[PDB]
Every structure is written in structure tokens, then in C-alpha cells.
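Engineer: Dumping the structure here so I can ask a few things about it.
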Amino acid sequence: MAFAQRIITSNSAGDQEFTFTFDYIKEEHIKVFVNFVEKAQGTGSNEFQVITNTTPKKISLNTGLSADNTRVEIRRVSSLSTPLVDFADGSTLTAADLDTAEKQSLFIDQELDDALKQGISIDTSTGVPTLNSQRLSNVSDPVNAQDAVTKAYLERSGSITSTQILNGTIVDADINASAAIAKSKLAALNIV
Amino acid sequence: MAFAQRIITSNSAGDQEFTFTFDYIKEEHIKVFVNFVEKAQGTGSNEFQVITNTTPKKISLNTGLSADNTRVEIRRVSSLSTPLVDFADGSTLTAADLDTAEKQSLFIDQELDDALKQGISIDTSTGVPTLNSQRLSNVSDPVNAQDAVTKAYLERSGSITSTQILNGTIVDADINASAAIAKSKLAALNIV
Amino acid sequence: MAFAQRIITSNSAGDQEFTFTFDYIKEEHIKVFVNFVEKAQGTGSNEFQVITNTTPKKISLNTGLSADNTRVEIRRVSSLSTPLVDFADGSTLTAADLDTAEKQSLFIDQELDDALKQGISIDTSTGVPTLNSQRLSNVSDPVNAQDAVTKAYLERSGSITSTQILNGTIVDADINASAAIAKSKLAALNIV
Amino acid sequence: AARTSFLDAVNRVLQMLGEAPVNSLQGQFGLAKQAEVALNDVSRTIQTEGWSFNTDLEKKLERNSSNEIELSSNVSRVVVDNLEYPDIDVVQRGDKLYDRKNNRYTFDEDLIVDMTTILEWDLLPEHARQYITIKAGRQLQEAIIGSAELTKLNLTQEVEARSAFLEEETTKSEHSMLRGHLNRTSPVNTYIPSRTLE
Amino acid sequence: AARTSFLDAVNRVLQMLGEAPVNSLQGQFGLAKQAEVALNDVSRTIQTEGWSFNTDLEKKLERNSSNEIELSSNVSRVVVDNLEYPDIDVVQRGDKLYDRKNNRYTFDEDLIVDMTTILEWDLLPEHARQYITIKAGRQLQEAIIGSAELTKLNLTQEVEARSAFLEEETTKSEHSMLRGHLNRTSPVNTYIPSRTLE
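Dropping the structure here:
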């Protein structure tokens, strides 16, 4: 399963609290997203706070949900910019510092694995990549002979060419009645 | 090169010995997959065994393959959920523990990097991570406009609409001769 | 901003200086790429050196570029195949070694995250994977059309299926003037 | 405060033996191998008896191309109900079932059995972990040192641990006499003569 | 964690004796061979009694040309049904049967007997493996060193192991008193007096 994240599709407007199960080192390592908007941490004016007293722990929002079916994501990120423990000479080493370093490293690796799996992984069914029923988006207009095709590039005016046509399926149902077709470009039925 | 994963297509049925070159920590950290089937470690009815008395070290199945060209994969995955060291107070700190912790961290990072490379990897000359001669699949039928097309969608009944056709190619090469084409739905003609 | 990479499109030909901001441990960990061609580090027969005397640090080449708008890439990479610091028994512990080990681990994690981001990300506007408007190539032909359609397969003569063309837009734009359309393929209009 | 880990169990076993705690398990330069083998052996000995947390009900078994049933590597015991199969008597032998009555290694149809598996350390519950740790420490000390006072203290601790583990198991899995054989789907209400008289 | 193997059993016996573990079993240079011999001897001693997993019922025996019954090298005991054969009773002697009533070594037709076989270490089930291991360890320790308190401790462990083994056997085989001698096919439903009263 996902190691340090949980994605919830809300079910009722006005709710405030959502539960989460994974572990963490410091409270400021928890991030909350509301409808693709990152949510700041704090209290009062800040919109959410963490309740670490009840099992399982849950996060409480200071303002109720405006509309139901609004996605809320709880994901843990450790400090990727600075080490959590600094060693200085003359200090008596204790197991707490070493354990903190080990937990930081392991949690960072777990989160990286989670992100890699959540992205485009490899479908083990045939050993091929999969999107897991997603939509590929923001792909530039193909140029090279081996790119993928886009709906925009396929549907832009004049996209289909003469070589892009194979005969046999000029359906009469979709043939326009009001179309103006010159007789020179037309065929000649052989009426016996 | 592939740091900690070797995938081999079995040449002939009945073969049982395969070789590997990556380093490891424990004999239980090596996993073998055979076309999605998972094989348990051990000896006896256990369907694969490890051999270390010969360089390079090699694994051995306990039953020959039924058919040739069956994919066999050897991958090393160190512990991801449980640390290999947990410092306890009152012990005698030795360099072996620190070296083992360093090795575990390095091996985890190597395995994650190799998994990312095994996935879709950046196409340097272009920029999008190329599938590298693989059939991306397991994408559901299109739901929105920009969603890509699948086989069961592009070959599905009812996909014929009134937009994408063009002119300049349609000939007798594929039009059914025995088909009764409506004269009125067909085009015009002047017989001079 | 990527932690440990920077891509520069040369403003003009003949320049030899390029700046960078990220920190590092050893200068041997700095790789310089130009036009997807790797250049060695050193002096004389080499192509580039590293100047750390000023701030911010910059790298200098031994020869100017041939043409303007040339791709120049500078990215850090730490030692993956060997731990930077090994612990020996029978000596005095120093905080410098522990700090160096922590720095190496953090830098490797940063670099891996940067690689994943420069590869495949998830857009924070819709939550679907995005490519940041790049170009995809080296994709094998879709044996099943579950795969994204390759434009070579689209534009290949006769590769278009009869259902790929959707009748309804018949005009005189693309019928060739001298196209000898098979006469027995269209009827006549009901001329009164 | 998470559950007990393998390293904590090894440290506890060493401490009960009377030595200094060890830092880790990997590449150790001490008694880690002895502690590990003791813990594994005691875990296997406890598991091979069959409890409520390592038993599957009405599991289907499938034969191979030669009408032969092959068990997995970690299957400890296999039970077949007598009443459902009045003509077939099976007993486990190595890793294959044996048709005792007909003196054959072959069968005519698939079976519905209930088997007991041996679980890894990570998947055990807390009370099982505690009992396993204490028993392993007692056995290791008794086999290695052989003193008197340490043996007495370990005996007392082991007795207390066994009492606690058995009590936890029974209150968790609510064994009953009225229900009879558990393979029957519960028809019992267990109505309470202690409540409804007012 | 698979079932106990030969190398693990040998290491366990050596550890119970109190001597360092061995690396392998082939081409070793220690007491591992003596431990193997003790294991084999205790295995034979236990198996020669006749339990649920090593007894074949209704088995048919075939004679050779000289009208004699020959037994394999690993056959421990045979029993014939007195009711089924009134005028002939047999007792095992070496590898041949003796018709002690008629004082002849020759029979007239084939027999339908119950046979008990001594099995190799591979085919033995888990509880039998554990009991064999503990018993062999105790016997070898007594033979090598010769203490008394160590014998007391090993006797305690052996008693516990025997209790566990017997409980496992009686839970597996499901013996009964109503059914009588098992050579008759089960007509008993063992209908439960407890539950079906509501």
C-alpha cells in the first residue's frame, strides 16, 4: 500500500475531521491539500490543526467543507533540505540522535518509493508501463516520426490527410444531404 | 548498468540454473519472479534455492520450466520498513554497525534508482520520459476530451461519427461490390 | 527550482563561463553536459574546469561554443557505487565524519527527487500526470491500441483502419482535380 | 510506542541471559546468531501446535497433473473432517498427503481442509511475541549456562508469561462448548440467563 | 520459517549438549556424525511403536514362489485379524512370518494385514520431528557427559514435549471409543447431544 499518504474523496459538506494512520516525527511535517490547494498549518486564522490525542489520530479543519465531494489529501514529507540532527564535538552522544537520523532517512526513502509508485509505474501483468486509468496531459504537439498523438492534433482542422484514409467505409447515414459536391469530382453509375 | 536486478528470458525448457552478480546482505533479500508467479525461499519443496560456493553466485530452481522463452527475474530488495540497526544504550559501539547502516542506506538508494530507470526514463534528446520500446497499456477507455484512445475504444461499435473523414482517397479498393448502396445517398452525375 | 541541476541555453557563441548555486562535497561530483555529449574534468586536453574562488561558484570551459543557443547542462551526482566515509576501529570518533555521511545521504535523496521531477510529475491543477509540454519518442508500435497511437502507425499507407475515418465532411477540398475516381462508386442525382 | 521488534526481542533475550545489550543484528560480533536461532526455534515450536491466529477454515486444495496434493513449505498440519469423506483417510507425510485407508498417494477429487501455517516474526500479534520472547530466553539460558538461581527466576517469569498469554488468547477467541464443532456456521444465540428476568 | 530440517536438528542437539554450532553436515570434523547417529537411533525407537502417520490399514501382502511371506528391511510390526482368520495366527520373526499354530513357515493364500513402517527423516511430520530432536538431545548428553541435574532439566523438557506431541496426535487423528476397532468402516454419526435442542 501507499506508505505515508491518504487520499479522501469527501462525502458531506460541513465535515471538519478526517483520520490518518501513518507515523511522523514532527507535527510540522504534515501537509493538507484541499481541492488542489495546499493548506497552511497553525491555528485560528490558519485553517487546520492536528489532534494527536485520540487513536487513530486525525486532523481538524477550523472551517467546515463548503461543498461535498471535495478531495482532501494528507501526506507526510520530512525535511528534505536540512538534516534533523547536528553533531558538535564535546557533546555526549546518545541513541536519540542516531535513531532520529535513521528514521529521517528511512521515511524519506519510503516517501520517494510512494511517489514513484503513485506516478506512472510498470504494470506487472505483462511487464509494461501503465497509467493506472489516468489521462496523460500537457503533451506538446508531436513532430518526430515516433511520438504519440493528441486529441488536439487529431481534431485540428485538416489533421487527417489523403494518405490517412483507407477506403470501404463511406457510410451513407453520415453523408451530408446539403453538401455541395461538383459533378466533375464524382463517379458514374453504370445504369444498364 | 542494472545495479541490483537481472531479467533473463529462458532459452530452453528444463533449464534450472541462473546466475547473478550483485552484492547482497542476507540470502533472504533476493526475490525471484517467474511470469508474475512468486517463488518462496528455502530448501526442499521450496521451489528455488541459492548457491554461494561458486563465483559468480547462482540460484537454482527446484523444477524445470514448462516452456522456453519464459521470463525469469532476479531482484534485490533490502528492508524498507524495518531498520537494520537500532541503537540501545549500554552497548559497545563498533564500526561494523555503522558500516552496515551505511551499506543498507546505499543499497536502498541503488534499488530505488534502478526501479526508476526500469520505469519510463527520460528521453534525453527530446525530454519526455521514453517508454523505451515498450507498449504502455492498462489505460482505461477515454473519459474526457484529452484522454487517449484504447483498443477496445477505437475498435468499439458506435465510434463512427461525422467529423474525422477527409477526401481524395476513397476508391473501389475496399468498397463492398455486393453492398446495396443507396442511389440517392450517393453523389450526383451528369451523362453528356 | 531543481535542487542540483541547471540547464542553460547559450545566449551567444564563444562564451566559457556559467554559474551555478547548489552546494556539493567534492568537485569530482560535478558533471557538465553539452549537446548530450559528456566532457571530462581536468585541464589541457580536458574541456572544462571549476572555479570556486568567487561567489557564486562558476565553471569555466577551455573552448568557446561553436554556435549560439547551445544546450549546456550542469548537474551534481554523488558517489553511488561506494560510501564516501568508512569507519575504522581503534581510533577517535570525529563529528566531521558523521556530518559528511549525513550530507551524502541527503544529497543523494535530493538528486533522486530532482530526477523524478524532471521525469514524470503530477500536476497540482488536476491531479493527473503531466509532461510539462515536452516530446515523447522511442515508443514501440502499439500491438494493441491500448497504447498511445504512434503517428507513424497513423500516417502509414493502409495502416488506417476503415473505422478510423468518420464519414460526414465530404467536400471538394481534397479530391484531386485529375483524380480518376472509380466510376462505379457513385450514383446520379435526381435531376428534374 | 509501537509493538515489539526483533531487535528488541534479541536485546531482551541477551539481558535475561545476563550479558550486555547488542547494537544491531546485521554483521554482529557477538551472540546475535545464538539469540536469533533460539528465538526462531521457539517461535516454530509454539506455532506448530495450532491456535486461533494461524488457522484457516474450509480452504480449498488443488491437485497437480498427476492427482497428487503437494503442500507448501510452511504447512504444519492438515485436518480433514471424517464425516464429509467416509471413504478417505489422509495423514500428512513430508509435504504430500497420504491416503492411509487405500494405501495410495493419488486422489479422485479436490478437498476442503483446514490447515495451520507457520508465520514470520513480523506478522505475529503482541501477546504471542511476548510469550515467544520469554520462552526463548529461558531455553537459551538453561541450555547455555545451567546455573541455579537464574534458572529459578526464569522459571517463575515463564510461568507468569504462559498464564497471561493463554488468558489473552481465550478472551480474544471466545471458545464455546454449546456451538460444538466450529466448522458449523453459528446457530447459537448464547442467550443470557443472567439478564432477562425483570 | 519452514519445517525443521536435518541440519537445524543437528545444530539444536549440539547446542543442547552445550557445544558450538556447526556450519554444514557433509565433510565436517566434529561430533555432528555422532549427533546424526543418535537422531537415527531415537527415530527408530519412537517409530517402532506404531502411530497414526506410519500405519497402513487393509494392506495386502504377496507371497513368493516357495510359499513364504517376505518383509522389507524397514517393517516393524504386522497384525492379522483373529476374527477374519480363525485357524491361522501369525507372529513376526526377522523378515518372515511364522504360522505358530500349524508350526509352518508356509501359507496357502495371500493375507490382508495391518502394516507399520519405519520412515526416513524427510517424511516425518513436524511434531514427531520435535519430539525426536528433544529425546535424542537428552540421550546424547547423558551418554557423553553424564550429569544428574542436566538430566533433570532435560527430563522436564522431554515431559513437556511429549505432552505437546500426544495432544497434537489426538487432535489430528480424532480417535473414538464408540467406533470400536477401526477396521470396520465408520457407521457412526457421533450426533451431538449438546447443540441441536432449540
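Chains as they are written, first to last, in PDB author numbering: chain O, 1 to 192; chain M, 1 to 192; chain N, 1 to 192; chain v, 2 to 199; chain u, 2 to 199.
Here a beta-carbon is modelled for each residue, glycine too, at the ideal position from N, C-alpha and C.
Give the residues from the region 85-115 of chain M that approach chain v closer than 9 angstroms (Cβ to any Cβ), ordered along the chain.
Structural biologist: For the region 85-115 of chain M, which is checked against every Cβ of chain v, the residues closer than 9 angstroms are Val85, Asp86, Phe87, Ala88, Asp89, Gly90, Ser91, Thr92, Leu93, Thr94, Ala96, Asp97, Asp99, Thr100, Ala101, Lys103 and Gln104.
Engineer: Tell me the DSSP bridge mates of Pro129/M?
Structural biologist: Here the question's residue 129/M lines up with position 129 in the second sequence. For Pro129/M, which the question treats as bridged, DSSP gives the partners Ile122/M.
Engineer: Report the rounded CA-to-CA distance for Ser177/v versus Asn184/v, giving the unit in angstroms.
Structural biologist: As a first step, residue 177/v is located in the fourth sequence; it is residue number 176 there, counting from the start. As a first step, residue 184/v is located in the fourth sequence; it is residue number 183 there, counting from the start. Rounded to whole angstroms, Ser177/v to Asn184/v spans 13 angstroms at the Cα level.
Engineer: Tell me where the alpha helix (DSSP H) around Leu8/v begins and ends.
Structural biologist: In the fourth sequence, residue 8/v corresponds to position 7, counting from 1. First-last of the alpha helix (DSSP H) with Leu8/v: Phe7 to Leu18.
Engineer: In the DSSP output, which residue or residues are listed as bridge partners for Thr19/N?
Structural biologist: Locating residue 19/N in the third sequence gives position 19, counting from the first residue. Answer is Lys58/N.
Engineer: To the nearest angstrom, how far is the alpha carbon of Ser25/v from that of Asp147/O?
Structural biologist: By 1-based counting over the fourth sequence, the position of residue 25/v is 24. By 1-based counting over the first sequence, the position of residue 147/O is 147. Computed Cα separation, rounded: 52 angstroms.
Engineer: Check whether chain M comes within 7 angstroms of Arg135/O, counting only Cβ atoms and requiring the distance to be less than that.
Structural biologist: Numbered from 1 along the first sequence, position 135 holds the residue referred to as residue 135/O. Yes, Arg135/O lies at the interface with chain M (some Cβ there is under 7 angstroms from its Cβ).
Engineer: Reducing DSSP to helix, strand and coil, say where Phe107/M ends up.
Structural biologist: Mapped onto the second sequence, residue 107/M falls at position 107. Helix, per DSSP.
Engineer: With a cut-off of 8 angstroms on the beta carbons, I'd call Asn167/M and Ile30/N a contact; round off their distance for me.
Structural biologist: Taking the second sequence and counting its residues from 1, one reaches residue 167/M at position 167. Taking the third sequence and counting its residues from 1, one reaches residue 30/N at position 30. That belief does not hold up - the Cβ atoms of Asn167/M and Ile30/N are roughly 58 angstroms apart, past 8 angstroms.
Engineer: Please confirm whether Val91/u and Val81/u have their CB atoms less than 7 angstroms apart.
Structural biologist: By one-based count along the fifth sequence, residue 91/u stands at place 90. By one-based count along the fifth sequence, residue 81/u stands at place 80. Yes. Within cutoff.
Engineer: Any Cβ of chain N within less than 7 angstroms of the Cβ of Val128/M?
Structural biologist: What you label residue 128/M is simply residue 128 of the second sequence in a count that begins at 1. Closer than 7 angstroms to some Cβ of chain N, the Cβ of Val128/M qualifies, so yes.
Engineer: Given a cut-off of 7 angstroms, decide if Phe3/M and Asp114/M are closer than it, judged by their beta-carbon atoms.
Structural biologist: Numbered from 1 along the second sequence, position 114 holds the residue referred to as residue 114/M. Numbered from 1 along the second sequence, position 3 holds the residue referred to as residue 3/M. In contact: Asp114/M and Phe3/M (Cβ atoms closer than 7 angstroms).
Engineer: Three-state secondary structure (DSSP) at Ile7/N?
Structural biologist: Against the third sequence, residue 7/N aligns to sequence position 7. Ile7/N: strand per DSSP, three-state reduction.
Engineer: Look up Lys61/u in the DSSP assignment and give the residues it is bridged to.
Structural biologist: In the fifth sequence, counting from the first residue as 1, residue 61/u sits at position 60. Answer is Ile113/u.
Engineer: When DSSP labels each residue in this structure, what does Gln142/u get in the three-state scheme?
Structural biologist: On the fifth sequence, residue 142/u is found 141 positions in, with the first residue counted as 1. Three-state DSSP puts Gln142/u in a helix.
Engineer: Within the same chain, show all residues whose beta-carbon is closer than 6 angstroms to that of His128/v, passing over the 5 residues directly before and after it, in chain order.
Structural biologist: For the purposes of this step, residue 128/v is taken as residue 127 along the fourth sequence, with counting starting at 1. Once the five neighbours on either side are set aside, the close Cβ partners of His128/v are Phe166 and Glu169.
Engineer: Determine, using beta carbons only, whether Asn167/N comes closer than 7 angstroms to chain O.
Structural biologist: Mapped onto the third sequence, residue 167/N falls at position 167. Yes, its Cβ sits closer than 7 angstroms to a Cβ of chain O.
Engineer: In or out: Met116/v buried (at least 16 other Cβ within 10 Å) or exposed?
Structural biologist: One-based indexing of the fourth sequence puts residue 116/v at position 115. Buried.
Engineer: Would you identify the three-state DSSP class for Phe87/M, choosing helix, strand or coil?
Structural biologist: Against the second sequence, residue 87/M aligns to sequence position 87. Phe87/M: coil per DSSP, three-state reduction.
Engineer: Along chain M, in chain order, which residues have C-beta atoms closer than 9 angstroms to that of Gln27/v?
Structural biologist: On the fourth sequence, residue 27/v is found 26 positions in, with the first residue counted as 1. Here the neighbours are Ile25, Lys26, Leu84, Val85, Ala96, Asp97, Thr100, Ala101, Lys103 and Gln104.
Engineer: Can the beta-carbon of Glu111/M be found less than 7 angstroms from the beta-carbon of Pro83/N?
Structural biologist: Walking along the second sequence from the start, residue 111/M turns up at place 111. Walking along the third sequence from the start, residue 83/N turns up at place 83. The answer is no: Cβ separation not under 7 angstroms.
Engineer: If you draw a straight line from the alpha carbon of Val189/v to that of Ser187/u, how long is it in whole angstroms?
Structural biologist: Here the question's residue 189/v lines up with position 188 in the fourth sequence. Here the question's residue 187/u lines up with position 186 in the fifth sequence. Cα to Cα, the separation comes out at about 28 angstroms.
Engineer: Between which two residues does the beta strand (DSSP E) carrying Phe48/N extend?
Structural biologist: Your numbering for residue 48/N matches position 48 in the third sequence. Here the beta strand (DSSP E) through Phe48/N covers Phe48 to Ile51.
Engineer: How should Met17/v be labelled, buried or exposed, when 16 other C-beta atoms within 10 angstroms of its C-beta is the threshold for buried?
Structural biologist: Stepping through the fourth sequence from its first residue, residue 17/v is reached at position 16. Per the 10 Å Cβ criterion, buried.
Engineer: Reducing DSSP to helix, strand and coil, say where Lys26/M ends up.
Structural biologist: Position 26 of the second sequence holds residue 26/M. The answer is coil: DSSP assigns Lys26/M none of H, G, I, E or B.
Engineer: Please report the residue range of the beta strand (DSSP E) in which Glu73/M lies.
Structural biologist: In the second sequence, the residue the question calls residue 73/M occupies position 73. Element bounds for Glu73/M: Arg71 to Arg76.
Engineer: For the beta strand (DSSP E) holding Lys102/v, just list the boundary residues, first then last.
Structural biologist: Here residue 102/v refers to the residue found at position 101 when the fourth sequence is read from its first residue. That residue, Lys102/v, is in no beta strand (DSSP E); it is neither H nor E in DSSP.
Engineer: Could you check the C-alpha separation between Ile119/u and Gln5/O for me, to the nearest Å?
Structural biologist: Here residue 119/u is taken as the residue at index 118 of the fifth sequence, counted from 1. Here residue 5/O is taken as the residue at index 5 of the first sequence, counted from 1. Computed Cα separation, rounded: 58 angstroms.
Engineer: Find the residues of chain v that neighbour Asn46/M, judging by a C-beta separation of less than 7 angstroms, and give them in chain order.
Structural biologist: Locating residue 46/M in the second sequence gives position 46, where the first residue counts as 1. The contacting residues are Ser74.
Engineer: Determine whether the Cβ of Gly158/N lies closer than 7 angstroms to any Cβ atom of chain M.
Structural biologist: Residue mapping note: residue 158/N aligns to position 158 of the third sequence, counting from 1. It does not; no Cβ of chain M falls within 7 angstroms.
Engineer: Could you pull out every residue in the same chain whose Cβ sits closer than 6 angstroms to the Cβ of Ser174/u, ignoring the five residues on either side in sequence?
Structural biologist: For this step, residue 174/u is matched to residue 173 along the fifth sequence. Closer than 6 angstroms at the Cβ level, and outside the excluded window around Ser174/u, lie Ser53.
Engineer: What does the alpha-carbon distance come out to for the pair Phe18/O and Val34/O?
Structural biologist: Position 18 of the first sequence holds residue 18/O. Position 34 of the first sequence holds residue 34/O. About 12 angstroms.
Engineer: If you follow the alpha helix (DSSP H) that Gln35/v is in, where does it begin and where does it stop?
Structural biologist: Along the fourth sequence, one-based indexing puts residue 35/v at 34. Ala33 to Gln48 is the extent of the alpha helix (DSSP H) around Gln35/v.
Engineer: Might you give, ordered along the chain, the residues of its own chain that have their beta carbon closer than 6 angstroms to the beta carbon of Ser77/u, omitting 5 neighbours on each side?
Structural biologist: In the fifth sequence, residue 77/u corresponds to position 76, counting from 1. Counting only Cβ-Cβ distances below 6 angstroms, and skipping sequence neighbours, we find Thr49, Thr117 and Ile119.
Engineer: Would you list, in chain order, the members of the region 115-130 of chain u that have their beta-carbon closer than 9 angstroms to a beta-carbon of chain M?
Structural biologist: Cβ contacts with chain M: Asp123.
Engineer: Throw me the rounded Cβ distance for the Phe20/M and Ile74/M pair, which I believe falls under 8 angstroms.
Structural biologist: Here residue 20/M refers to the residue found at position 20 of the second sequence. Here residue 74/M refers to the residue found at position 74 of the second sequence. At roughly 5 angstroms, the Cβ-Cβ gap stays under 8 angstroms, so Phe20/M and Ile74/M are in contact.
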